[PDB]
$ cat final-v2.cif   # mmCIF, C-alpha atoms; chains and numbers go by the auth columns
data_start
loop_
_atom_site.group_PDB
_atom_site.id
_atom_site.type_symbol
_atom_site.label_atom_id
_atom_site.label_comp_id
_atom_site.label_asym_id
_atom_site.label_seq_id
_atom_site.Cartn_x
_atom_site.Cartn_y
_atom_site.Cartn_z
_atom_site.B_iso_or_equiv
_atom_site.auth_seq_id
_atom_site.auth_asym_id
ATOM 1 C CA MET A 1 58.124 39.403 -42.013 0.00 1 A
ATOM 2 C CA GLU A 2 54.743 38.287 -43.518 0.00 2 A
ATOM 3 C CA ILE A 3 51.296 38.692 -41.783 0.00 3 A
ATOM 4 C CA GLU A 4 47.758 37.260 -42.308 0.00 4 A
ATOM 5 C CA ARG A 5 44.307 38.029 -40.771 0.00 5 A
ATOM 6 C CA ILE A 6 42.342 34.731 -40.786 0.00 6 A
ATOM 7 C CA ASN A 7 39.500 36.296 -38.757 0.00 7 A
ATOM 8 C CA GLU A 8 39.069 38.514 -35.622 0.00 8 A
ATOM 9 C CA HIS A 9 40.717 35.919 -33.311 0.00 9 A
ATOM 10 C CA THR A 10 43.072 33.703 -35.324 0.00 10 A
ATOM 11 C CA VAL A 11 45.971 35.462 -37.006 0.00 11 A
ATOM 12 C CA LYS A 12 49.060 33.872 -38.526 0.00 12 A
ATOM 13 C CA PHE A 13 52.390 35.135 -39.781 0.00 13 A
ATOM 14 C CA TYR A 14 55.465 33.745 -41.487 0.00 14 A
ATOM 15 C CA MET A 15 58.881 34.439 -40.000 0.00 15 A
ATOM 16 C CA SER A 16 62.026 33.776 -42.007 0.00 16 A
ATOM 17 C CA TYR A 17 65.150 32.854 -39.988 0.00 17 A
ATOM 18 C CA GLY A 18 66.626 36.236 -40.985 0.00 18 A
ATOM 19 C CA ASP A 19 63.579 38.100 -39.508 0.00 19 A
ATOM 20 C CA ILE A 20 64.388 36.342 -36.202 0.00 20 A
ATOM 21 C CA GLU A 21 68.145 37.112 -36.582 0.00 21 A
ATOM 22 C CA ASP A 22 67.326 40.794 -37.303 0.00 22 A
ATOM 23 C CA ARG A 23 65.515 41.070 -33.971 0.00 23 A
ATOM 24 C CA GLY A 24 68.625 39.375 -32.465 0.00 24 A
ATOM 25 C CA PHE A 25 66.721 36.171 -31.559 0.00 25 A
ATOM 26 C CA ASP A 26 67.567 32.732 -33.078 0.00 26 A
ATOM 27 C CA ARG A 27 65.143 30.251 -34.718 0.00 27 A
ATOM 28 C CA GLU A 28 66.230 27.725 -32.026 0.00 28 A
ATOM 29 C CA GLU A 29 66.379 30.224 -29.140 0.00 29 A
ATOM 30 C CA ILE A 30 62.755 31.232 -29.765 0.00 30 A
ATOM 31 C CA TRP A 31 61.653 27.637 -28.979 0.00 31 A
ATOM 32 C CA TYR A 32 64.363 26.668 -26.459 0.00 32 A
ATOM 33 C CA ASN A 33 63.828 29.715 -24.179 0.00 33 A
ATOM 34 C CA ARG A 34 60.232 30.527 -22.971 0.00 34 A
ATOM 35 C CA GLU A 35 60.135 34.207 -22.005 0.00 35 A
ATOM 36 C CA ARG A 36 62.148 35.058 -25.168 0.00 36 A
ATOM 37 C CA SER A 37 59.551 33.259 -27.294 0.00 37 A
ATOM 38 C CA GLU A 38 56.880 35.728 -26.030 0.00 38 A
ATOM 39 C CA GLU A 39 58.693 38.660 -27.663 0.00 39 A
ATOM 40 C CA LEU A 40 57.967 37.231 -31.131 0.00 40 A
ATOM 41 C CA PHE A 41 54.247 37.197 -30.278 0.00 41 A
ATOM 42 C CA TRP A 42 54.415 40.739 -28.862 0.00 42 A
ATOM 43 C CA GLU A 43 56.010 41.809 -32.210 0.00 43 A
ATOM 44 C CA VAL A 44 52.891 40.589 -34.118 0.00 44 A
ATOM 45 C CA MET A 45 50.210 41.622 -31.638 0.00 45 A
ATOM 46 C CA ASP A 46 51.986 44.991 -32.039 0.00 46 A
ATOM 47 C CA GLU A 47 51.327 44.790 -35.823 0.00 47 A
ATOM 48 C CA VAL A 48 47.568 44.603 -34.903 0.00 48 A
ATOM 49 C CA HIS A 49 47.515 46.520 -31.589 0.00 49 A
ATOM 50 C CA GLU A 50 45.221 49.395 -32.750 0.00 50 A
ATOM 51 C CA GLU A 51 42.557 46.625 -33.109 0.00 51 A
ATOM 52 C CA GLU A 52 43.854 44.267 -30.341 0.00 52 A
ATOM 53 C CA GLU A 53 42.887 47.080 -27.893 0.00 53 A
ATOM 54 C CA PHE A 54 39.218 46.054 -28.584 0.00 54 A
ATOM 55 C CA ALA A 55 39.939 42.364 -27.733 0.00 55 A
ATOM 56 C CA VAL A 56 42.679 42.334 -25.054 0.00 56 A
ATOM 57 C CA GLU A 57 40.431 40.499 -22.567 0.00 57 A
ATOM 58 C CA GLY A 58 41.915 36.951 -22.678 0.00 58 A
ATOM 59 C CA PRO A 59 45.182 35.002 -23.170 0.00 59 A
ATOM 60 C CA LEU A 60 47.291 34.427 -26.279 0.00 60 A
ATOM 61 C CA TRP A 61 47.616 30.912 -27.751 0.00 61 A
ATOM 62 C CA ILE A 62 50.326 29.838 -30.249 0.00 62 A
ATOM 63 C CA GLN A 63 50.873 27.040 -32.823 0.00 63 A
ATOM 64 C CA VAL A 64 53.794 26.754 -35.341 0.00 64 A
ATOM 65 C CA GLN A 65 55.280 24.694 -38.186 0.00 65 A
ATOM 66 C CA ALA A 66 58.827 24.958 -39.605 0.00 66 A
ATOM 67 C CA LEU A 67 59.549 25.447 -43.335 0.00 67 A
ATOM 68 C CA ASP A 68 62.741 25.479 -45.470 0.00 68 A
ATOM 69 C CA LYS A 69 64.173 28.867 -44.225 0.00 69 A
ATOM 70 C CA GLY A 70 61.494 30.095 -41.775 0.00 70 A
ATOM 71 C CA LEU A 71 58.376 29.157 -39.765 0.00 71 A
ATOM 72 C CA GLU A 72 54.650 29.848 -40.079 0.00 72 A
ATOM 73 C CA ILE A 73 53.249 30.721 -36.640 0.00 73 A
ATOM 74 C CA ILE A 74 49.476 30.826 -35.913 0.00 74 A
ATOM 75 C CA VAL A 75 48.232 32.845 -32.899 0.00 75 A
ATOM 76 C CA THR A 76 44.713 32.360 -31.420 0.00 76 A
ATOM 77 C CA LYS A 77 42.553 33.881 -28.572 0.00 77 A
ATOM 78 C CA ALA A 78 39.814 32.618 -26.197 0.00 78 A
ATOM 79 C CA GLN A 79 37.313 35.266 -27.486 0.00 79 A
ATOM 80 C CA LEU A 80 36.684 32.847 -30.446 0.00 80 A
ATOM 81 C CA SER A 81 34.462 30.863 -27.982 0.00 81 A
ATOM 82 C CA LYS A 82 33.309 33.656 -25.595 0.00 82 A
ATOM 83 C CA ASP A 83 29.811 32.591 -26.654 0.00 83 A
ATOM 84 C CA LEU A 84 29.641 28.873 -25.695 0.00 84 A
ATOM 85 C CA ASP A 85 27.250 28.321 -22.731 0.00 85 A
ATOM 86 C CA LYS A 86 24.148 28.829 -24.952 0.00 86 A
ATOM 87 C CA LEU A 87 24.899 25.605 -26.903 0.00 87 A
ATOM 88 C CA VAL A 88 23.287 22.399 -25.539 0.00 88 A
ATOM 89 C CA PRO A 89 23.216 18.737 -26.828 0.00 89 A
ATOM 90 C CA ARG A 90 19.485 19.071 -27.681 0.00 90 A
#
$ encode --input "final-v2.cif" --output "structure tokens"
Amino acid sequence: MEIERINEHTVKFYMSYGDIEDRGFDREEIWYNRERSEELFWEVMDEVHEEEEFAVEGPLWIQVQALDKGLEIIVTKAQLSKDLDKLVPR
């Protein structure tokens, strides 16, 4: 597979259909199950886990698009807006 580090909170990766097949998932089964989707995300959090241990204090968030023989998947985290309450409309 193919990985990117946008910043500390957003990551994305690109997953060819054969990377999904290798793991014994299916491009369709990933989306059409729900618990079996999570395993994809665990596989990429794993690729970062020695740093995710500093930031495992909120949920995962996922977005995707499909491409000719694979998908790009973005993953995001709430820590991106842990600071928020200090902002005011003044």
$ closest_residue --input "final-v2.cif" --among "A:81, A:76, A:7, A:37" --to "residue A:60" --atoms "all atoms listed in the file"
A:76
$ closest_residue --input "final-v2.cif" --among "A:56, A:73, A:62, A:67" --to "residue A:13" --atoms "only C-alpha atoms"
A:73
$ residues_around --input "final-v2.cif" --residues "stretch 15-24 of chain A" --least-positions-apart "3" --cutoff "7 Å" --atoms "all atoms listed in the file" --output "list in words"
residues 1, 2, 27, 69, 70, 71 and 72 of chain A
$ resolve_selection --input "final-v2.cif" --expression "the PyMOL selection byres ((chain A and resi 45) around 12)" --output "PyMOL selection string"
chain A and resi 3-5+9-13+38-44+46-53+55-56+59-62+74-77
$ write_last_selection --input "final-v2.cif" --atoms "C-alpha atoms" --output "compact mmCIF listing (two decimals), in the coordinates of the input"
# COMPACT_ATOMS: atom_id res chain seq x y z
CA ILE A 3 51.30 38.69 -41.78
CA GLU A 4 47.76 37.26 -42.31
CA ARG A 5 44.31 38.03 -40.77
CA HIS A 9 40.72 35.92 -33.31
CA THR A 10 43.07 33.70 -35.32
CA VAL A 11 45.97 35.46 -37.01
CA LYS A 12 49.06 33.87 -38.53
CA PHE A 13 52.39 35.14 -39.78
CA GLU A 38 56.88 35.73 -26.03
CA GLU A 39 58.69 38.66 -27.66
CA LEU A 40 57.97 37.23 -31.13
CA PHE A 41 54.25 37.20 -30.28
CA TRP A 42 54.42 40.74 -28.86
CA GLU A 43 56.01 41.81 -32.21
CA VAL A 44 52.89 40.59 -34.12
CA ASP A 46 51.99 44.99 -32.04
CA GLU A 47 51.33 44.79 -35.82
CA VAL A 48 47.57 44.60 -34.90
CA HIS A 49 47.52 46.52 -31.59
CA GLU A 50 45.22 49.40 -32.75
CA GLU A 51 42.56 46.62 -33.11
CA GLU A 52 43.85 44.27 -30.34
CA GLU A 53 42.89 47.08 -27.89
CA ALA A 55 39.94 42.36 -27.73
CA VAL A 56 42.68 42.33 -25.05
CA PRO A 59 45.18 35.00 -23.17
CA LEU A 60 47.29 34.43 -26.28
CA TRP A 61 47.62 30.91 -27.75
CA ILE A 62 50.33 29.84 -30.25
CA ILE A 74 49.48 30.83 -35.91
CA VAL A 75 48.23 32.84 -32.90
CA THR A 76 44.71 32.36 -31.42
CA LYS A 77 42.55 33.88 -28.57
$ atom_distance --input "final-v2.cif" --atom1 "atom CA of residue A:14" --atom2 "atom CA of residue A:36"
17.7 Å
$ atom_distance --input "final-v2.cif" --atom1 "atom CA of residue A:32" --atom2 "atom CA of residue A:78"
25.3 Å
$ atom_distance --input "final-v2.cif" --atom1 "atom CA of residue A:85" --atom2 "atom CA of residue A:54"
22.2 Å
$ axis_aligned_box --input "final-v2.cif" --around "stretch 64-73 of chain A" --padding-each-side "6 Å" --output "JSON"
{"center_x": 58.7, "center_y": 27.7, "center_z": -40.4, "size_x": 22.9, "size_y": 18.0, "size_z": 22.1}
